[PDB]
Amino acid sequence: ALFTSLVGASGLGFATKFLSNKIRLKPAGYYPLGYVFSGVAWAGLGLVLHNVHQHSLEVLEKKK
Amino acid sequence: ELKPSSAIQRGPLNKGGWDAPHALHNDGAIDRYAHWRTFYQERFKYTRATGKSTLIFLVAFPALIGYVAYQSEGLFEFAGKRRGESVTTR
Amino acid sequence: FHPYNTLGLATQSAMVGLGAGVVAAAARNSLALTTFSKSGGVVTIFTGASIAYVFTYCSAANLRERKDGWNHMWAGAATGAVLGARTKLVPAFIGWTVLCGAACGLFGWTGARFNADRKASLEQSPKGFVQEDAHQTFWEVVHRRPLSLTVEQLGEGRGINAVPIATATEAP
Amino acid sequence: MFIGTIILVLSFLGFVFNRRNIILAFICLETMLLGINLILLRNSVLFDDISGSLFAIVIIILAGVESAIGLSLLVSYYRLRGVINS
Amino acid sequence: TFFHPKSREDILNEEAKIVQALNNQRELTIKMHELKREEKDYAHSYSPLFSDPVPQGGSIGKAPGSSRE
Amino acid sequence: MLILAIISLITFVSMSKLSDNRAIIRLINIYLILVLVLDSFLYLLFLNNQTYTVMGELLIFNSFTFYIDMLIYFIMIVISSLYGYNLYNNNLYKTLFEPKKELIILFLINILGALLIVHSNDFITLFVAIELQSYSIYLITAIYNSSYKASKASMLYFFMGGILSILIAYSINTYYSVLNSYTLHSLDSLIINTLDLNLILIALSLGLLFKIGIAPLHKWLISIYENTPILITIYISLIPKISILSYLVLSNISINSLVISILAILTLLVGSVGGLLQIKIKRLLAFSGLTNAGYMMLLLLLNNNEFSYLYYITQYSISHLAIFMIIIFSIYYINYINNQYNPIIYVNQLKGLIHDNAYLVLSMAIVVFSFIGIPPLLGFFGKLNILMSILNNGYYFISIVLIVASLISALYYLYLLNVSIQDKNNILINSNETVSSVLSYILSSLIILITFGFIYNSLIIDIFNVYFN
Amino acid sequence: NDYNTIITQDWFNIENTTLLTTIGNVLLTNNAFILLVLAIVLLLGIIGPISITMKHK
Amino acid sequence: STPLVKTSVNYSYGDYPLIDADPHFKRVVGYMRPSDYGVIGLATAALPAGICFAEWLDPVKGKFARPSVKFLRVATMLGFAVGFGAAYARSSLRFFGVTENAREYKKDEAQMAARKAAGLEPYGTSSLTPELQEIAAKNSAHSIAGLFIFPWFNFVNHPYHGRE
Ligand SMILES: CCCCCCCCCCC(CCCCCCCCCC)(CO[C@H]1O[C@@H](CO)[C@H](O[C@@H]2O[C@@H](CO)[C@H](O)[C@@H](O)[C@@H]2O)[C@@H](O)[C@@H]1O)CO[C@H]1O[C@@H](CO)[C@H](O[C@@H]2O[C@@H](CO)[C@H](O)[C@@H](O)[C@@H]2O)[C@@H](O)[C@H]1O
Ligand SMILES: CCCCC/C=C/C/C=C\CCCCCCCC(=O)O[C@H](COC(=O)CCCCCCCCCCCCCCC)COP(=O)([O-])OCC[N+](C)(C)C
């Protein structure tokens, strides 16, 4: 499901932001707008991967 | 001229906790005996006795059990064997 | 199996080992008539390893009339004996013997080759499920094997019988 | 094939067994490239083929730039130490 | 009364569907493995446009008779 | 884009002052990001494994080289960020990490050389690209000329690279003399059966492989890696490995080679065993690189190695970048800076890092256990694919040796974590200083990739089946 | 390699094309890419020595 | 304008019909869609916006300062270059029949028919000899694949366009 992929990729973005805060010796919610930013960016990458994969499946099926 | 940042303030690592009264009266002789027994592997050497025990337990005993177990494989069947019948299959 | 000519092959191995030890000695010299004085006996190392390995390998292969990893195990044992004699200690001699023998036995078991035997490999072999009633080859798989093959390979007993029990013990 | 091969091998042995100087090392590099190129050009002629000579020209140019960069590296190395004791 | 397991037939059907998907994957897997080892056309594998493998050499001293098929 | 960047950058760096170095490098970082994102759609050309010969049959373009190209851009972006941004704003770090004026141009030119090595369809292009990369990498080694060790390193590198380049040129010319050709495309199964090219092709492979430092010619490269500035070592230890290995994988000129088999075995053994007694961080990492180069060398003995090699090279690039970045970050908590080119040198200098930065040690643990190959980290799947390939092709003894070498190298991989989770007496109390946001985010992204890449494995294989079949 | 090669004539070449002209022809048309990459290599041969032998500012 | 070598005819690089295997620079820029100009504009804005945001995230000298005008001018220049490269690539990919190309296909059919009506060559007349035309074709064919590495274009009016 596309929605599930976007949620998952956004979760990866949140994980990256949280790990970045902790690596800076900062509180987990140090700059809460960064969570939104990183989640949006990683959701974009997840969407790109999803579209490429769907196109690949389409091509594989069309040769039948 | 290369020195860590003055911005850093370093304090002690204290582990915290409540120092309990010391309920064991350590015996130095027992501790040394325990340490010797615990790290015996660091000082093991191959001699006549040690080699003898090695060649017994790691070689001779496994060979005996292997001969028994491969010689006797499938040899016996006991379930409900009656008089006159052979309990051996070969 | 037709025999290895142990004498000849061992002689060629002696020659190769002597040359290799010579090359190692020349290198050793360059990196450090004194070349053999300050050799460290490397010429002897090479010569003895060569003669031991080749002679024991051919000897064992000829005696057993087989070619497999066990011959390499024996040959590695001999080579390790040679290399561990240099320690002049019985435990180290035994350790070199047994461990070099084990390592070379593993080597001979895998094929006694560093690269691959391409024709026997899975990528170049018949694989997948076999057809109607064909004999099983090494890499192929079935859904059912013939019971006679089971009885011959595994052996009779321990629940391996020619006929299923219930069939055999059926009354009429 | 003969002159080029021998220049290559003798320059290689000069390079390896150099225990005299680093300039000998530079020179062995250059002369190796020379021998490679001579073999190449003889083969070009024997085949009446232009690809051999084209690669010879490219080697010439690259050996030029390699010499330039190598001497610059040697100078930068010297700037710190004042002397090349090899 | 509190035990409400799924029916035996439903369990068998669901596992059979899973195994069918698994066998489909095995077949696709073996298929791709075979197709990768088949050989492609020169256009697909080397050059789509200019799909002639045959060279034409130099054109200055073009000698009648040098062409050979 | 790369040529245009090089030209513009030469103009600007000529006309800019020494204080503008970091701003210029940020500019190029963003430019490369923009190219990577806007021009990515050219993948579509490679659908069905369509191959294109370009520039009059000098360059070859397929999905494989497109992927290697994208990977090289990603690596360049990460590496340029380390120079374009300050970890900390104190005087010490201005002294520790300052970019030279011409460093960025050298980086871009070496990247161009690597891309031309990857795409090379003809031996003349191969040789010119090899020499371009070799010269640029000599200069990158030598650009920090205040360091005695860096200058000594650049000179040793010049000489060893020159000899290997002469071996390569000799191999190319022998191939010409036998076949009157400069292309491997002229080779066919009939030709390989008819003629014994084994000696020539193995000499060419060996000349290329000794340039990335496979045993028994390793030590000169490990010494160079040890003696260069740390931010230089992060680059010179990676890009040449990628380019040379990718070219060799794409060319497939040593299939079932007995000599490559023996040398790959030897490289595994030396990389695993020799790194055990190391006490310096960068020598430990260089022996790591040697063992991993062995793992990749194994893939040169077989056909259809594209998936395993791409997966392995990608995960290795990520792990290598991440471990170097972690070592870099851990510099802020050491109490002794050894010198201005290599601030931290000995593994024991990390002792007790978990008490200073717990999550830095968490990241360190993750990357180390990726290197060891603990599932479900990326390293495990990389090794799994490699084992699948080599066992499918009957390399049984080499598989046993690979097992043994991974076991042995786990010891000096865990040495780092071991000293890192030990305890230090003087524990950071507080600090106002913030690590730079950008590099911390990049390090975190690498860590999250290593940790959660495996969820995309099946999607990746599905994509692969349509672009490489 | 003791035998002698037969040198034969033919008349198919009407131009005055020598080795230099043919090298120019192939280098500037069939291999223009090699030429431009050599331009980059010479550019390196300029930038590098300046970068390491000169101390800016 | 007679071809010296044989080429594939209407080869499928993708799911869509082939318009031109090696389109001329003027055609590729001439067939560009408003979306491609949007791409150019987006790159031109993005690159200096990128440098400014990067300065925001991690200031070069501790204290935020807007990047100087020299760098911003640089930024616009290089961003336009990236945008134009991307847009050219998109249009060429349309020409190969890799992306959707109905509009471009129709426009090409009309233009070719008009040129044939005028008696002109379908791909124009070249100031080069045919051998140099084949060499220029073999140098420019599919050169867009290396957009990441080097820019190369077709500026030569050759006949090897892969059509009938
Ligand atoms: C977990 C511990 C790991 C250690 C054990 C691994 C060692 C593997 C040994 C097993 C194995 C590879 C199996 C690999 C399977 C997966 C690998 C496992 C993981 C890899 C780590 C290597 O078998 C080797 O055994 C050596 C002897 O030990 C031989 O040594 C050499 O001997 C002399 C040369 O002739 C020289 O004198 C000298 O060169 C050495 O002396 C080698 O020649 C031989 O290849 C067997 O492979 C082969 O087996 C044969 C018949 O079995 C198969 O063909 C069959 O043909 C008919 C009959 O032939 C059958 O009718 C037919 O049905 C079947 O088609 C082959 O298709 C092939 O498959
Ligand atoms: C909006 C544009 C942004 C795209 C920028 C890409 C930058 C690449 C930078 C670094 C490489 C990093 C990881 C590459 C991913 C492989 C893509 C692919 O699928 O690999 C396949 C080939 O599989 C292979 O051989 C094996 C690849 C080995 C990957 C090892 C890591 C696996 C775990 C990574 C998980 C992904 C993170 C997602 C988190 C939400 C090539 O796919 P393709 O050639 O068709 O191009 C993709 C279409 N594209 C151009 C639009 C992006």
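Highest GNM mean-square fluctuation, chain B, Cα pairs closer than 10 Å: which of B:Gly66, B:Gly17, B:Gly28?
Judging by the Gaussian network model, the answer is B:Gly17.
Report the label-to-label distance for C:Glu152 and F:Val37 in nanometres (one decimal), using points 7 Å from each Cα along the Cα→Cβ vector.
Between C:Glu152 and F:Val37, the simple spin-label model gives 6.9 nm.
I'd like the FRET efficiency for F:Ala358 and B:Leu2, computed as 1/(1 + (r/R0)^6) with the beta carbon distance as r and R0 of 35 Å, rounded to 0.05.
My answer for the efficiency is 0.85.
Between the DSSP loop rule and a limit of at most 13 other Cβ atoms within 10 Å, which GluC sites (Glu not before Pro) in region H:89-123 are left?
Within region H:89-123, the qualifying GluC sites (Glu not before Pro) (loop, at most 13 other Cβ atoms within 10 Å) are H:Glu100.
Scaled to the compact-protein estimate 2.2 N^0.38 Å, what is the alpha-carbon radius of gyration of chain F, rounded to two decimal places?
Normalised Cα radius of gyration, chain F: 0.96.
Pop the C-beta distance of H:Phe80 and G:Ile50 into the FRET formula with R0 = 41 Å and round what comes out to the nearest 0.05.
0.85
Can you sort C:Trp74, B:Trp36 by how many other beta carbons sit within 10 Å, fewest first?
B:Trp36, C:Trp74
What does the average come to when, for each residue of peptide F:431-440, you count the partner chain Cβ atoms lying within 10 Å of its Cβ?
What the average comes to for F:431-440 is 6.
For Cα pairs less than 8 Å apart in space and 6+ apart in sequence, what is the mean separation divided by the residue count of chain A, i.e. the relative contact order in percent?
43
Taking K and R as +1 and D and E as -1, what net charge do the other residues with C-beta under 13 Å from the C-beta of F:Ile421 add up to?
So the surrounding residues net to 0.
If you stretched the chain out fully between C:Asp117 and C:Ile160, how much longer would it get, using 0.36 nm times the residue separation minus the C-alpha to C-alpha distance?
11.9 nm
Just tell me how shielded A:43-52 is by partners: mean number of partner chain Cβ atoms within 10 Å of each residue's Cβ, no decimals.
If you average over the peptide's residues, the count of other-chain Cβ atoms is 2.
What is the Å³ per residue value for the convex hull set by the Cα atoms of chain D?
Cα-based convex hull of chain D, divided per residue, equals 66 Å³.
Taking region C:79-146, which GluC sites (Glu not before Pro) meet the DSSP loop condition and have no more than 12 other C-beta atoms within 10 Å?
Sparse-neighbourhood loop GluC sites (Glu not before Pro): C:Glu132.
Scan region H:34-122 for chymotrypsin sites (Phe, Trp or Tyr not before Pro) in coil per DSSP, keeping those whose Cβ has at most 12 other Cβ atoms within 10 Å, and list them by number.
Loop-located and lightly packed - H:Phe64.
Dividing the convex hull volume of the alpha carbon atoms of chain E by its residue count, what do you get in Å³ per residue?
133
Which distance in nm do the two modelled labels at F:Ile374 and C:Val141 give, with both placed 7 Å along the Cα-to-Cβ direction?
3.2
Exposure proxy check: F:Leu38, H:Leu128, F:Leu208 ranked by fewest other beta carbons within 10 Å?
Placing the least packed residue first, the sequence is H:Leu128, F:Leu38, F:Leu208.
Average partner chain C-beta neighbours within 10 Å, per residue of F:126-136?
That works out to 5 on average.
Using the beta-carbon distance between F:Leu199 and B:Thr88 and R0 = 56 Å, what value does 1/(1 + (r/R0)^6) give for FRET efficiency, to the nearest 0.05?
Efficiency computed from Cβ-Cβ geometry: 0.30.
Using 10 Å bins from zero, what percent of all Cα-Cα pairs in the protein assembly as shown falls into each bin?
1, 7, 15, 19, 20, 16, 11, 6, 3, 1, 0, 0
Label points 7 Å out from Cα along the Cβ direction at G:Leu20 and H:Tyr37: separation in nm?
Those two pseudo-labels are separated by 5.2 nm.
So how do F:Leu298, G:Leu27 line up by other beta-carbon neighbours within 10 Å, fewest first?
With the fewest neighbours first, F:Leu298, G:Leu27 line up as G:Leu27, F:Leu298.
Do you know the relative contact order of chain F, to the nearest whole percent, from alpha carbon pairs under 8 angstrom that are 6+ apart?
16
At a 10 angstrom cut-off on C-beta neighbours, averaged per residue, how do the peptides F:119-129, H:39-49 rank from highest to lowest?
F:119-129, H:39-49
Gain in length, F:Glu98 to F:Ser399, computed as 0.36 nm per residue apart minus the alpha-carbon separation, to one decimal in nm?
Difference between extended and current length: 103.9 nm.
Bear in mind these aren't lab numbers, they're just calculated from the coordinates by the rules spelled out. Quick reminder, even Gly has a Cβ in these numbers, built from the backbone with ideal geometry, and neighbours come from all protein chains shown.
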